[PDB]
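Student: In terms of the working numbering, the sequence shown opens at residue 5 and continues consecutively.
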Amino acid sequence: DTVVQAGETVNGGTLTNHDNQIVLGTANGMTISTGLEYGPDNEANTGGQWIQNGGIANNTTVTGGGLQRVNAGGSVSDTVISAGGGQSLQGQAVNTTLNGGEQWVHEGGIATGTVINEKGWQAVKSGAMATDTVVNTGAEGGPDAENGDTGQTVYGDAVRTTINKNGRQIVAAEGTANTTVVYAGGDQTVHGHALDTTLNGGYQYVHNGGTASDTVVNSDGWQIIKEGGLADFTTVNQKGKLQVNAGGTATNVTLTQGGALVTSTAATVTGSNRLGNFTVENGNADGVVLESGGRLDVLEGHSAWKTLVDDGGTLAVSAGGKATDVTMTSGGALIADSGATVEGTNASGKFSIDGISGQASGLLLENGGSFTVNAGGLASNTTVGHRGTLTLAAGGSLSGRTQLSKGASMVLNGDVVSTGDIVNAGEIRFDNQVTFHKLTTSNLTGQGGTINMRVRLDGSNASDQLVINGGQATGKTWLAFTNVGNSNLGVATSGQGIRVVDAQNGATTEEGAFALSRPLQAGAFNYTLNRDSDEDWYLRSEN
């Protein structure tokens with residue numbers, strides 16, 4: 005009928021048209037399709053199923069427009085709630101599936117086993133508790149998307165939450181999440197307190213004024229401490245990542261072997277790593293270890309001491325920053341420019357960058373490492389390996405042995421003079437970041453490397469140039485030319501042609517020192533590469 009009295013059970017039935025069911029006994033298998041037609045929090049709403057103290061409902065279905073209300077001492081199990089349906093909970097609910105529906109847990113209510121799908125929403129108010137929730141919605145679009153009132157919003161207490169792909173738990177400023185696992189594609193944003201989070205691929209964002217305690221960051225998990233956030237007792241395991249932004253704090257960190265730290269000297273990070281204790285405080289970094297994935301930014305006016313950059317780690321030093329007693333393990337990335345001050349050891353030996361004098365010596369740039377030589381600066385005895393980049397601004401200089409392995413890059417942004425030997429297995433390129441430039445070197449040892457040069461075939465006989473100053477060009481160097489003129493305009497060369505390699509002051513070049521890596525053509529002309537008796541190399545027209 006309309007009232008289910010104590011000690012009485014009722015089976016089946018559908019509520020429509022603002023009809024009411026007041027449950028004092030047990031109501032099994034009801035379908036609730038009325039009571040929410042004017043949306044949540046509307047006086048005009050009427051009807052629904054209302055579980056009283058000592059009442060029970062089992063296997064209730066709450067369709068669009070349906071309202072289930074559960075008073076204190078009322079109890080429901082095995083509910084499912086569609087889009088446009090809702091359950092208001094001060095009693096206890098066990099196993100509620102929200103397929104678009106909403107569950108409001110009021111002060112004193114306990115929601116256990118709620119499954120949040122398809123842009124449903126569990127709202128855990130102050131004084132309320134959620135337990136064993138499964139979140140499958142709310143993070144759609146990714147961490148920078150905002151889906152509002154979807155997923156789980158925690159103003160009270162959330163316990164033993166599972167955040168799956170596309171799931172989002174928002175811990176409001178007064179809320180508390182006490183045991184949480186986050187999988188890949190899910191995230192937990194913390195304005196309040198997060199306790200015992202495990203990030204098994206998932207992300208945790210600690211916002212300003214939020215705190216996270218005893219976070220375990222496993223493979224592919226990402227804990228981000230934003231400005232004014234606090235992490236305490238984070239453990240970063242293999243392939244996990246702790247990032248502490250400027251003005252963020254993380255204390256009692258434990259970085260295992262393989263656990264990345266991503267921070268700067270503007271942040272506060274204290275803990276231990278594979279070598280012992282470390283600190284990042286007051287613009288100073290002591291003892292930092294950068295695992296595979298890790299990065300330490302030493303900002304201008306800041307300093308780091310006793311840093312180990314291990315395979316896959318990154319030390320980045322701004323102009324005016326200082327990093328001493330640096331150990332670059334093979335594979336470690338060093339990012340700096342002539343303005344920085346760095347000293348330590350890498351795989352090939354001792355290295356240093358003097359920011360005042362503008363001189364670098366013994367650099368090893370690999371695996372994302374990179375160095376820029378500014379005007380009036382010098383890089384001496386640089387080794388550029390796989391995924392390393394050496395960039396020279398106009399007015400920057402090279403000396404000693406500049407060695408480019410395969411997969412290495414040197415970018416020349418103006419005229420550049422090497423007072424030593426360039427040993428090139430990699431790619432050298434002339435660039436502007438059209439005015440041609442000169443690469444002058446004392447000796448060039450070609451090991452199958454390539455030099456990317458520009459040329460204009462429109463009659464101006466202009467191109468980039470290589471100058472051998474008194475030594476020799478030996479081995480094998482490929483020259484890759486790009487016509488930066490019109491592609492159908494070819495003007496014949498004159499005399500010896502366009503001098504692309506100039507041997508001067510007695511320099512020689514071996515007979516096979518250079519060869520075009522691909523044809524060079526414009527208009528009616530093919531342009532061949534030719535060595536002449538003056539040891540110089542020329543582009544000349546034919547056809």
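Heads up, the beta-carbon is just placed ideally off N, CA and C, and yes, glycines get one too.
Considering only C-alpha positions, which residue in the set 236, 165, 340, 419 is nearest to residue 119?
Tutor: 165
Student: Which runs of the beta strand (DSSP E) fall wholly inside the segment 294-321 and span at least 3 residues, in chain order?
Tutor: 299-302, 307-313, 318-321
Student: Would residue 393 and residue 365 be called neighbours here (beta carbons separated by less than 8 Å)?
Tutor: no
Student: Could you check if residue 425 is buried or exposed, using at least 16 other CB atoms within 10 Å of its CB as the buried criterion?
Tutor: The Cβ neighbour count for residue 425, taken over all protein chains shown within 10 Å, is at least 16; the residue is labelled buried.
Student: Using the Cα positions of residue 127 and residue 41, report the straight-line distance between them to the nearest angstrom.
Tutor: Straight-line Cα distance between these residues: approximately 20 Å.
Student: Express the C-alpha separation of residue 213 and residue 107 in angstroms, rounding to a whole number.
Tutor: 27 Å
Student: Taking one C-beta from the segment 154-168 and one from the segment 133-145 each time, how about it: are there three or more such pairs within less than 8 Å?
Tutor: yes
Student: Exposed or buried, what is residue 360 when buried is set at 16 or more other beta-carbons lying within 10 Å of its beta-carbon?
Tutor: By the neighbour-count rule (16 or more Cβ atoms within 10 Å), residue 360 is not buried but exposed.
Student: Would residue 430 and residue 388 be called neighbours here (beta carbons separated by less than 8 Å)?
Tutor: yes
Student: Mapping DSSP to helix, strand and coil, what is residue 531?
Tutor: strand
Student: Please state whether DSSP places residue 142 in a helix, a strand or coil.
Tutor: The answer is strand: DSSP assigns residue 142 an E or B state.
Student: Quick check on the DSSP output: the beta strand (DSSP E) that includes residue 545 runs from which residue to which?
Tutor: 541-546
Student: Would residue 517 and residue 450 be called neighbours here (beta carbons separated by less than 8 Å)?
Tutor: yes
Student: Which same chain residues, not among the five before or five after residue 486, have their C-beta less than 8 Å away from its C-beta?
Tutor: Counting only Cβ-Cβ distances below 8 Å, and skipping sequence neighbours, we find 456, 457, 458, 459.
Student: Looking at the structure shown, is residue 197 part of a helix, part of a strand, or coil, going by DSSP?
Tutor: strand
Student: Is residue 277 near the ligand MG, going by C-beta to nearest heavy atom under 7 Å?
Tutor: The ligand MG is absent from the structure shown, which contains no ligands of any kind.
Student: Quick check on this structure: which residue in 27, 175, 59, 86 has the alpha carbon closest to the alpha carbon of residue 37?
Tutor: 86
Student: Start and end of the beta strand (DSSP E) containing residue 4?
Tutor: The chain is shown only over 5 to 547; residue 4 falls outside these bounds and no answer can be derived.
Student: According to DSSP, is residue 10 part of a helix, a strand, or is it coil?
Tutor: coil
Student: So, residue 376 versus residue 397, is the Cβ gap smaller than 8 Å?
Tutor: Yes.
Student: Give the single residue among 15, 48, 415, 243 whose Cα lies nearest to the Cα of residue 34.
Tutor: Nearest of 15, 48, 415, 243 to residue 34, Cα basis: 15.
Student: Just to confirm the assignment: which complete beta strand (DSSP E) runs, minimum length 3, are found wholly within the segment 43-96?
Tutor: 52-55, 60-62, 71-74, 79-86, 90-93
Student: Is it true that the segment 332-339 meets the segment 274-289, where meeting means three or more beta-carbon pairs spaced less than 8 Å apart?
Tutor: no
Student: Can you tell me whether residue 522 is buried or exposed, with buried defined as 16 or more other CB within 10 angstroms of its CB?
Tutor: exposed
Student: Alpha carbon to alpha carbon, how far is residue 22 from residue 83? Give it in angstroms, no decimals.
Tutor: Looking at the two C-alpha atoms, the distance is approximately 20 Å.
Student: Going by Cα to Cα distance, which pick from 369, 403, 533, 201 is closest to residue 383?
Tutor: 403
Student: Around the Cβ of residue 491, are there at least 16 other Cβ atoms within 10 angstroms (buried) or fewer (exposed)?
Tutor: exposed
Student: Can you tell me whether residue 13 is buried or exposed, with buried defined as 16 or more other CB within 10 angstroms of its CB?
Tutor: Residue 13 sits exposed, since fewer than 16 C-beta atoms from the chains shown fall within 10 Å of its C-beta.
Student: Quick one: give me the first and last residue of the beta strand (DSSP E) that residue 425 is part of.
Tutor: That run of the beta strand (DSSP E) goes 420-428.
Student: Nearest-angstrom Cα distance between residue 474 and residue 506?
Tutor: 10 Å
Student: Give the straight-line distance between the Cα atoms of residue 112 and residue 292, rounded to the nearest whole angstrom.
Tutor: 47 Å
Student: Below 8 Å on the Cβ atoms is my contact criterion, and I expect residue 206 with residue 191 to pass it. Report the Cβ-Cβ distance as a whole number of Å.
Tutor: 6 Å
Student: In whole angstroms, give me the CA-to-CA distance for residue 479 and residue 342.
Tutor: Rounded to the nearest whole angstrom, the CA to CA distance from residue 479 to residue 342 is 31 Å.
Student: Rounded to the nearest angstrom, what separates residue 244 and residue 263 at their Cα positions?
Tutor: 5 Å
Student: Answer yes or no: do residue 541 and residue 488 have a C-beta to C-beta separation smaller than 8 Å?
Tutor: no
Student: Within the chosen definition, does the segment 147-158 reach the segment 182-189 through at least 3 CB pairs nearer than 8 Å?
Tutor: Counting Cβ pairs under 8 Å, fewer than three are found: no touch.
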